[PDB]
Amino acid sequence: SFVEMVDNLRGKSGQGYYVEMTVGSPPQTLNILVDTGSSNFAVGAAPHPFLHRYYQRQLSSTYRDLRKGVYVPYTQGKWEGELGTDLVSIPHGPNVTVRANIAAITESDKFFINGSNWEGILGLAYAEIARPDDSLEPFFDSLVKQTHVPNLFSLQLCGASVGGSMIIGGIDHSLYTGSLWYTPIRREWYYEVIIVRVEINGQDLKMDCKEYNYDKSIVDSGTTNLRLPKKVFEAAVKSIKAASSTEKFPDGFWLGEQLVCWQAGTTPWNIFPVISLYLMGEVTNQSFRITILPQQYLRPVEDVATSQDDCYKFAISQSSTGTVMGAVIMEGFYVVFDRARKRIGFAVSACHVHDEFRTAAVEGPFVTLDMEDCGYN
Ligand SMILES: CCCCNC(=O)[C@H](C)C[C@H](O)[C@@H]1C[C@H](C)CCCCCCCC(=O)N[C@@H](C)C(=O)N1
């Protein structure tokens, strides 16, 4: 019955993917951003200039107050609100209703996005990073505990105004090609993984692999960019600059501050390298790789002035809290969050954006010694 969940995600480029949900009795319809980088379910519950609608607790006969405040800070944006519970369902999801924790957002800062079309957030990671503490059961944990929905979900994020699929409770084999390759979930808090090697156009970065996971490496559908630790970010930019040196860039480009343009249909894709991220595999000394095309990390932006050119922003940015494999990474793949088996699977997506001479790929097996030493402690 997973066909009913195909294409249940929508969004605007760079503003997150959202799924339709209902909260309360009678059901109140809201668009909810799907965020594997957090663990709180929260909805706008008060007027806001960027919200077209919001959760009205007074209108729901099943709302229960928890008499507890909550605050959640993200990499960018934060909100505070009032905790409670209510009945929740997903129209284009499993035919079930659960009572879940809901944070009613009463104040926020740089969280809601003007014209994004979403009014709340669905944190899909584990209780350990839920606020105020890990006793606030996350939505998916409630879903699994109260229903027969199996303990896994998959995300197919399709780039260029954006769409995709969140298959709740399973894997839809019509959505990917080739084989699924699995990497262990290192610890159940974020969806934390271990990167064991990085190559750019086939050349190893030759860094200590701990640098790739310095702090941690996570998979986050709610982050646009590929975010890399300082040292790794500098090495990658140096390599990408060198490969594309024949062209001129405002250099504010490499910081994401300025966009670059080219005459329509003349973008020199060939001069931007592919990036291969090798992930720890399921068996001893085995890994696999996922390869990213420049069409993934050069995010297209509509030039509001002379719509005569193809303009792009550099979607690789520096981090101080570890690697984040955001939408730039996920959009090329079908990603399985196999919570039951503590693993994350990657396969080439059926909605992969590919050029004419290169192809995004998930390839294995590879042999990699001492993968355990790549995790940071
Ligand atoms: C409290 C512990 C959990 C905290 N988790 C996080 O902060 C994760 C890593 C980031 C979240 O996914 C947050 C989620 C944000 C609020 C909402 C999504 C907005 C759409 C895309 C916005 C552009 C973007 O790329 N935002 C990143 C920087 C971001 O902060 N992402």
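Is there a residue in the range 360-369 that is out of contact with any helix residue (DSSP H, G or I) (no Cβ under 9 Å at 6 or more places or on another chain), assigned to a helix (DSSP H, G or I) and outside the structural domain of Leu143 (by CATH)?
no
Just checking, does the range 135-142 include any residue being farther than 23 Å from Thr75 by Cα and either more than 16 Å from the ligand (Cβ to nearest atom) or part of a strand (DSSP E or B) (or both)? Please lay out each step first, then the result.
The first filter runs over the range 135-142 and keeps only residues farther than 23 Å from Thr75 by Cα, leaving 141-142.
Now drop any that are not either more than 16 Å from the ligand (Cβ to nearest atom) or part of a strand (DSSP E or B) (or both), which leaves 142.
There is at least one residue in the range 135-142 that is farther than 23 Å from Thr75 by Cα and either more than 16 Å from the ligand (Cβ to nearest atom) or part of a strand (DSSP E or B) (or both).
Quick check: anything in the range 151-164 of a type in the set (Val, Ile, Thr), buried (at least 17 other Cβ atoms within 10 Å of the Cβ) and touching a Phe, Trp or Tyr at 6+ places or on another chain (Cβ under 7 Å)?
Here is the first cut: in the range 151-164, the ones of a type in the set (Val, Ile, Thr) are 162.
Of the ones still in play, those that are also buried (at least 17 other Cβ atoms within 10 Å of the Cβ) are 162.
Of the ones still in play, those that are also touching a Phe, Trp or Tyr at 6+ places or on another chain (Cβ under 7 Å) are 162.
For the range 151-164, residues of a type in the set (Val, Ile, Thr), buried (at least 17 other Cβ atoms within 10 Å of the Cβ) and touching a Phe, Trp or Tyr at 6+ places or on another chain (Cβ under 7 Å): present.
Would you check if there is a residue in the range 55-67 being within 14 Å of the ligand (Cβ to nearest atom) and either part of a loop (DSSP other than H, G, I, E, B) or not assigned by CATH to the domain that holds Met166 (or both)?
No.
Within 16 Å of the ligand (Cβ to nearest atom), outside any strand (DSSP E or B) and either among the aliphatic types (A, V, I, L, M) or surrounded by fewer than 15 Cβ atoms within 10 Å (Cβ to Cβ) (or both): is that true of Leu51 in this structure?
Against the criterion (within 16 Å of the ligand (Cβ to nearest atom), outside any strand (DSSP E or B) and either among the aliphatic types (A, V, I, L, M) or surrounded by fewer than 15 Cβ atoms within 10 Å (Cβ to Cβ) (or both)), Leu51 qualifies.
Of the residues that sit in the range 11-42 and are within 7 Å of the ligand (Cβ to nearest atom) and at positive phi, which one is nearest to the chain's Cα centre (by Cα)?
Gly16
Would you be able to tell me the number of residues in the range 152-179 that are in a loop (DSSP other than H, G, I, E, B) and aliphatic (A, V, I, L, M)?
Counting residues in the range 152-179 that are in a loop (DSSP other than H, G, I, E, B) and aliphatic (A, V, I, L, M) gives 3.
Name the residue, out of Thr267, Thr183, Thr246, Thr224, that is hydroxyl-bearing (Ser, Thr, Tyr), more than 21 Å from the chain's Cα centre (by Cα) and under 27 Å from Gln156 (Cα atoms).
Among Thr267, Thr183, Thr246, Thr224, only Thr267 is hydroxyl-bearing (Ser, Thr, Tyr), more than 21 Å from the chain's Cα centre (by Cα) and under 27 Å from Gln156 (Cα atoms).
Sort out which residues of the range 68-113 are within 14 Å of the ligand (Cβ to nearest atom) and not in a strand (DSSP E or B), and write them in order of number. Step through it out loud before you land on a result.
The first filter runs over the range 68-113 and keeps only residues within 14 Å of the ligand (Cβ to nearest atom), leaving 70-81, 103, 105, 108-113.
Passing the criteria: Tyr74, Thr75, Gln76, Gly77, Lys110, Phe111, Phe112, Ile113.
Anything in the range 54-73 that is exposed (fewer than 11 other Cβ atoms within 10 Å of the Cβ) and of a type outside the set (D, E, K, R)? List them, or say none.
Restricting attention to the range 54-73, the residues satisfying the condition of being exposed (fewer than 11 other Cβ atoms within 10 Å of the Cβ) are 58, 61, 67.
Correct list: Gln58, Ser61.
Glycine gets a Cβ as well: all are built from the backbone with ideal geometry, and neighbour counts include every protein chain shown. The values are calculated or read from the model by the stated rules, or taken from the named source; none is laboratory data.
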